[PDB]
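Take a look at this single chain, the form deposited in one PDB entry, given in structure tokens.
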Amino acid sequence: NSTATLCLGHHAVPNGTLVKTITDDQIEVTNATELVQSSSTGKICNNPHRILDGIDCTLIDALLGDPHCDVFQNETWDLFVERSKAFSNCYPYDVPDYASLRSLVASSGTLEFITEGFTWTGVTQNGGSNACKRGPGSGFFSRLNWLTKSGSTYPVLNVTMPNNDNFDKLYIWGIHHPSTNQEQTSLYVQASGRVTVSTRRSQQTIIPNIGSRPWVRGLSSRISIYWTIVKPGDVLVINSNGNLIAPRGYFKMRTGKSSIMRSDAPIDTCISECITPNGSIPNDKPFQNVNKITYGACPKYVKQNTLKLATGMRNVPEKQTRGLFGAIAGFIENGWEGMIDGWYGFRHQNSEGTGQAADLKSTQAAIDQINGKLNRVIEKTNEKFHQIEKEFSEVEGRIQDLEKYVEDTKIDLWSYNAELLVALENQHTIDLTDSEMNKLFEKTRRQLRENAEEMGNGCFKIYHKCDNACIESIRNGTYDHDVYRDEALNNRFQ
């Protein structure tokens, strides 16, 4: 008739997702993303990090030079992958502080070996065994030299090697533990051995232990592996009177990003920055629930399987009660499921007809704030390489308990941080979208000084004759109240 109705509202959707905030345990929204990566392809991608697959070789057999591990000489890696089908097929051995040696060689990232001229005098070199067959003949570790009595004598050995280079040199050496008192004299003339290996600042002395051990590949004897690092400017001395497994050369040492991982996943051709023991995962999401062990740029490990970030507004599903008069309704009531052009918009009822449109500035302002919110506080990426061990096969006691306690403390503190951040950010999102709605209302109310009244459905009963051009002026922000003031005041108050 003589008056007009102009209402404000926001878009609704039929199928919405539940989220969690500070104030409510579940609310419904128009749209929500996932922030926890729960899946893996099950394969290890070979770019961009250099992957070296050990097949039946451990890293400690590859370094000593076991015969089925001779493909690995002078190799380099970013990540070394060990398989659970790996075995040993040479002289039986133990390494005191095995975990320490494995970690030191993994972080160096190379098996570069330089043969040096060591002069062993009055002894027979290149000792062998049928526990280590290289071809039909007997053999031994390619990087160690078994020394034994020449004629009926083993002289006190005294050799020196100086570092005049500008890098560090790692020497691997050992000692033979014979099973009887009748084997010692047969190989090394003496009855009790001794091996001393020293620099200017450090020393180690080992004595051999004699007695019977379980049979492994036809022997009840064992070797024990040791190591020494010689710095630039320092000297090495070796002084043994019996039972010495001599070094043949040194290994170069580098500082870099190299590491080691126990996996059973196949290796494939693809590009992925994060590797887990369950295969490579993508790094688009900030958190991950696949595995606590990782390498390269990776998401943070949390205990949760799902965290949903509200990327839209609240979803009051349109009351399916469609008015008989098709009464335009507002935001205080419900959402509008018939709006596609934008989030916030205007519906006008006029003599001319019913109509609809969308507001660009309001929608854009909400979208710009919402895009990249998580990016503001937590970092895009976090690269880590060589870390600690997080899974154990044996019981050890104190140090293993401390390692397990340090990892659990870290996981519980990053899981609490991930729960609070999603609830805080979800709250702030619902608040900014709701204030934006009420901001367009106050703007509309301010332009209509005394020529409109509020109904409380989210609607402004305008008390003059508004045509399409007049509605368009309000929408734009050029509505001139003075023109229709007299007519509206005479219509509303009399």
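For every residue, the number given is its place in the sequence shown, counted from 1. Between two forms, the rigid core is defined as the largest C-alpha subset superposing within 1.5 Å. Residues that one form lacks are left out of the comparison.
In what follows, reference is made to the form deposited in another entry, a form of this protein that is not presented.
Among the candidates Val377, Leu402, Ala357, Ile271, the CA atom that moves 2 angstroms or more between this form and the one not shown after core superposition belongs to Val377 alone. In the other entry, the CA atoms of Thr17 and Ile378 sit closer together than in the displayed form, by at least 3 angstroms. Three angstroms is the minimum change: in the other entry, the CA atoms of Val377 and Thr33 sit closer than in this structure, by 3 Å or more. Comparing the conformations between this form and the one not shown, with the rigid core held fixed, yields the displaced runs 321 to 323, 374 to 379, each spanning 3+ consecutive residues whose C-alpha shift is 2 Å or more.
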